[PDB]
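>>> Model the structure of this input:
(4 chains)
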Amino acid sequence: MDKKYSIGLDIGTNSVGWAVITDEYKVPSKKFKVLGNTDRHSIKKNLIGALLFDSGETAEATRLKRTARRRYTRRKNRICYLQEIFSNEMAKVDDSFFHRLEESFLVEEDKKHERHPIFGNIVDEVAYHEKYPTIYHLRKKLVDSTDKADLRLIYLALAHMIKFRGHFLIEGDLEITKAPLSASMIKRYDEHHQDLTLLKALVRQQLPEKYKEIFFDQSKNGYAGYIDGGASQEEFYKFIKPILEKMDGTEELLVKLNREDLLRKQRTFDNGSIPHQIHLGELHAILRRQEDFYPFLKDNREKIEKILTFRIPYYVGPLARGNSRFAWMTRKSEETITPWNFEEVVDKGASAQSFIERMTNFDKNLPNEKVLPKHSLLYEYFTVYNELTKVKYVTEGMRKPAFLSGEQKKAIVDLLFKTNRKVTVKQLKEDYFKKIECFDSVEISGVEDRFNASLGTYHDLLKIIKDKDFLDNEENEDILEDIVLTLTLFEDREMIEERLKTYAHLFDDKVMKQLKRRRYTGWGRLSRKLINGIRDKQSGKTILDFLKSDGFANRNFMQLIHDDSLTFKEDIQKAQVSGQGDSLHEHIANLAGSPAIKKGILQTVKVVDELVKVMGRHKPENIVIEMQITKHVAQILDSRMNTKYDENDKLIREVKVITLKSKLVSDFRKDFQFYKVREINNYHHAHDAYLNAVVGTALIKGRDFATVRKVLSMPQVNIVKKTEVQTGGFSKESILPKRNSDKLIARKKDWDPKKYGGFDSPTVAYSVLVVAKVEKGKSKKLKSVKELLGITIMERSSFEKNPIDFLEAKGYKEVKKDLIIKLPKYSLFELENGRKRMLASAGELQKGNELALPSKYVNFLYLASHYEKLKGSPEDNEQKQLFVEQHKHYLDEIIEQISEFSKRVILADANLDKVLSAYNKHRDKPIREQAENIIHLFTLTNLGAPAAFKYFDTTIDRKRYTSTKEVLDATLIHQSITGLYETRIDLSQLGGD
DNA sequence: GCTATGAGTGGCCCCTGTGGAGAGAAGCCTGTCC
DNA sequence: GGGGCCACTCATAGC
RNA sequence: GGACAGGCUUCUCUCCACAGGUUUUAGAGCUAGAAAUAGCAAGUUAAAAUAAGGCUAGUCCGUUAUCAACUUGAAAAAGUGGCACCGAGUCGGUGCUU
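Numbering: from 1, shown residues only, chains lettered A, B, ... in the order given. Next up is the structure itself:
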């Protein structure tokens, strides 16, 4: 016999609960076979459990980092182009100058040429640093001076301008000197110097004791920390404000501080508002000044100007040669794209059209067609004729509200739609019914004070074209629709002019000019072919044609597409693409929402599949779920379950799908006092799923209440933590100063971290158990070892490619290949007395046990927690308060059970003693305060990584397991997604000494 | 008589600020419809 | 939020 | 239940850019003193990297999504685990079957 049963599911963002119940609300328990090598061949478990998983992450960070990488690469390319231009003349003066510039980052030992970059000699370098303390001084000198200067200084100025060209927020162009920016920066530098001198003098004169801390201590927020340390400008002002208030003569300095102008640096974050035109002007001035000496400058002047001005248009996209999934550019010729010949290579119009169209939705009724623009004339025709199709009007002498004819529709559109941007009900009644039809009293139904459809595009074309006859000609419909498409697709005036150039023959200069200024945004939901492309086989009328005039039927779009006597429904059904059934992964990915809920849905579906496999492949009667997205989950479940068609090819619904809301179950809990505390454990998800299933089955349809109470008191529930292989950044991105340690990772292959510093704290991908021999001690004696080694994310490819060489690189010898066992994150281990630990990383463990607490304690805790906030009748409130007052001794029992559970699995003796001392010290506090503090206490034993918490005013820090050596002899557990299937492997029997 | 290793403990640490252009989805409000 | 790392004391044994 | 039409709000995906921050090196520190050190001077800028790198060599790609174990598979993927009853501190016992 197949015992009828149903599945209840609770779906969140981090957890998926599953419950299986029979017809009588009983939860069966089965005896399962256990694979492995241990003596435990059979384990009994209950058919209830919940799955926990890490929250899903979006793609924002990847997008930002990819954009940053592209920007850095393109800046490097600009610098390389500048150096390629200059190389010919630079070689004539100093051939090794470029070599010196590139290797300057290395230490003196690794440098191949002389250590001083600019000149290679100490005297000239000192002279340059003395005459020109800042690059802005050199910039102003080159702008104003009329003497032939060193080529290397010109290169430095041009490179400094190019590498920091500034923003492009504005198109077009925007001490009397042509370099206001450099002059302003030099003025700020001089003010900084003078103010620093004055500050030092005043501090030394009045308060000499603080001189050393302010001007020598790099560790504080003083001037030294503001310059050589990591102190920010705001922090420096914060620290220096009280000191200036303690001294005299600081009124000017204090006013400067209030304006954030005291001792201001040159390289400041306010530069984000500098237009690129200032840098362009300085560049052009320098080029003009120095072109009279260097022939190559004036010939390549426009190239240098373009390199600064050029940027890739955003609609074009990356200049990829086919092998990038993000690329869409159309490339005319296979030449190497350069900022000088960009115009002749890239089809700007085609690329822009591809960029716009690839995000446009396909027509749902006709998948192989694209929708029309929201401001398309044909779309506006469709909307207007659809609205006026169902309009009912009541005049004098009319018993029934009549329907408008096509002639009336055309007349009304011509009179008001083509003359008014929007047509209202009152305006219609006054202008057509009162004037044209000469009816004094007319009542219109279906439209609220204004028509939602309007001919805005027609009015724009009337304002611009100013020719009504050209607009009203059907022979122009193709040209007008193409014009509207062109206006919607592009935003660049140049491309708009280029494409409309073909139709410029029908219009004057000004008409073409104002057309170039119009833009439209938005798109419709139907395609051209659907509305007016396909024709009826008999009458030849399209959907639009019927909407214009349909006789007494006056059928709307929905009626036409569901009309059995017309071929529109036939064509729509025939056009349904019988494409490959989307893979459930990609099918779920096609949904709208955060990827986390998609992960939850996929896990839920796999849980359902495994449960069906467990129950002997006999499908349940009902599936209860709780969370459009819920509707899509229900659709997916129905599609996967009901798969057989009857003789009439109808859908055989062997399994019914149920959707429920949390409020009903919450009310059921409140009425029958089945309260839950979200902090005690994770069984609440399973209990909520069980309640969902029970309530659904009861609604569709003392024993039941007793059965529910018995079920909710079960201690054995299957909690499974889904293992995940960590991915992402190689390590923390904060570069740290050099230090003699083996834990640093180099930024580049040949950059020894001991001399350059680098990255720190790699993220562990996974660990593998290794049994081998390692030479330890000064005598290099072989020692057989057995330990866990964590593999970084950066080394995953090397490890997977050839594990043997990678392990030998670490010093391990005699590696037994078949003994390597991959252990993903959160792998489960079993210890003595049932104590369980989850492998968090290579060197840290997490608590892997769940506290089983009886229901009556949970009810008492809930009642005490909201003792003064009960929402119900006064009799119920007083009953609950009295019941709380009856059982004050439960607190001692709760503390005792917590102590026992801690002594059994937590092993936090110092923290447990602190907890006991705090509990004894605060035993006279109000009951509700006691409950509030005790609720926080369960964080100590909750599943997951240990965390700190507060108990009254005493704080208990987190207890961390800093050594994974105990699991080296434990029993490894592999659990299926529902945890019903297990495979247990004993690590102790492997790798004996 | 001296060191080395591991073992635990407590505490500190973690890249950030903005602009432009579009496309799409979803949640509410009104009207008509299948 | 949770894992990585450093400064410190200590356990413990080989020598 | 679904589709279209007007409005409010939030959220998601792709591209172009900018300003920083961090790191190493250069910017002769001087005086007295064996040195520890004491005093004085100065301090704003500059170059390169900004996930290791890869081959498809592009002015491209490298952090989202996908993953219990065993057999067959490059992988997507397919396949693999008795039942009923009585009990409950992480699940225990009893009866039939292979």
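>>> So the residue of the stretch 351-500 of chain A found nearest RNA strand D: helix, strand or coil?
Of all residues in the stretch 351-500 of chain A, the one sitting closest to RNA strand D is residue A:452 (3.4 Å; CB to the nearest atom of the strand). C-beta coordinates here come from the backbone N, C-alpha and C atoms, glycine included. When the structure is reduced to helix, strand and coil (DSSP: H, G, I helix; E, B strand; the rest coil), residue A:452 reads as coil.
>>> OK, contacts around the spatially closest residue to it that is not a sequence neighbour?
Spatial nearest neighbour of residue A:452, chain neighbours left out: residue A:387 (6.5 Å); criterion: CB to CB, 6 or more residues apart in numbering. Residues near residue A:387 by CB atoms under 8 Å, 6 or more residues apart in numbering: A:447, A:451, A:452, A:453.
>>> of the residues you listed, closest to residue A:737?
Within the contacts of residue A:387, proximity to residue A:737 (CB to CB) peaks at residue A:452, which comes in at 65.6 Å.
>>> Name the next helix or strand downstream of the strand or helix carrying residue A:72, please.
Here residue A:72 sits within helix A:60-93, counting by DSSP states H and E. Moving toward the C-terminus from helix A:60-93, the first helix or strand encountered (DSSP H and E) is helix A:97-102.
>>> just checking, what packs against that following helix?
Counting contacts by 3 or more CB pairs under 8 Å, 6 or more residues apart in numbering; DSSP states H and E, helix A:97-102 packs against helix A:60-93.
>>> residue furthest from the geometric center of chain A?
Among the C-alpha atoms of chain A, the one most distant from their mean position (CA atoms, centre = their mean) is that of residue A:397, at 63.8 Å.
>>> follow-up on the earlier one: how close does the residue of the stretch 351-500 of chain A closest to RNA strand D get to DNA strand B?
The gap separating residue A:452 from DNA strand B is 7 Å, by CB to the nearest atom of the strand, to the nearest Å.
>>> Now do that residue against residue A:422, distance only.
Relative to residue A:422, residue A:452 is positioned 9 Å away (CB to CB, to the nearest Å).
>>> Residue A:892 now?
As defined by CB to CB, residue A:892 lies at a distance of 75 Å from residue A:422.
>>> Between the two, which is the more surrounded one?
Regarding residue A:892 and residue A:422, a neighbour count based on other CB atoms under 10 Å identifies residue A:422 as having more, with 15 against 11.
>>> Pretty sure that one sits in a strand.
No. Assessed by three-state DSSP, residue A:422 does not belong to a strand; its assignment is coil.
>>> Can you tell me the SS state at whatever residue of the stretch 551-700 of chain A ends up closest to RNA strand D?
Scanning the stretch 551-700 of chain A for proximity to RNA strand D using CB to the nearest atom of the strand identifies residue A:599 as nearest, at 3.8 Å. Reducing the assignment to helix, strand or coil with three-state DSSP, the entry for residue A:599 is helix.
>>> who touches it in this structure?
Under the criterion of CB under 8 Å, 6+ apart, the contact list for residue A:599 reads A:53, A:56.
>>> Wait, residue A:651 touches residue A:642, no?
Yes. Because the distance of 5.8 Å satisfies CB atoms under 8 Å, residue A:651 is recorded as touching residue A:642.
>>> Where do the strands of the stretch 401-550 of chain A begin and end?
Taking DSSP state E, counting those that start in this stretch to define them, one finds strands in the stretch 401-550 of chain A at A:402-403, A:443-445, A:523-527.
>>> Name the nearest residue to residue A:824, sequence neighbours excluded.
Computed as CB to CB, 6+ apart, the closest residue to residue A:824 that is not its neighbour in sequence is residue A:723, at 4.0 Å.
>>> for that neighbour, what are its contacts?
Counting by CB under 8 Å, 6+ apart, residue A:723 has contacts A:824, A:825, A:826, A:827.
>>> For it, give its distance to residue A:671.
Between residue A:723 and residue A:671 the computed distance is 40 Å (CB to CB).
>>> what does residue A:117 give?
81 Å.
>>> okay, those two: which has more neighbours?
Under the neighbour definition other CB under 10 Å, residue A:117 and residue A:671 were set side by side, and residue A:117 has more, 17 against 10.
>>> Can you pull up the residues of chain A that come close to DNA strand B?
Residues of chain A found near DNA strand B, taking CB under 7 Å from any atom of the strand as the criterion, are A:68, A:169, A:272, A:314, A:356, A:359-361, A:371, A:390, A:392, A:445-448, A:452, A:488, A:491, A:521-523, A:556, A:558-559, A:562, A:592, A:628, A:732-734, A:776-777, A:910, A:957, A:959, A:962-963, A:965.
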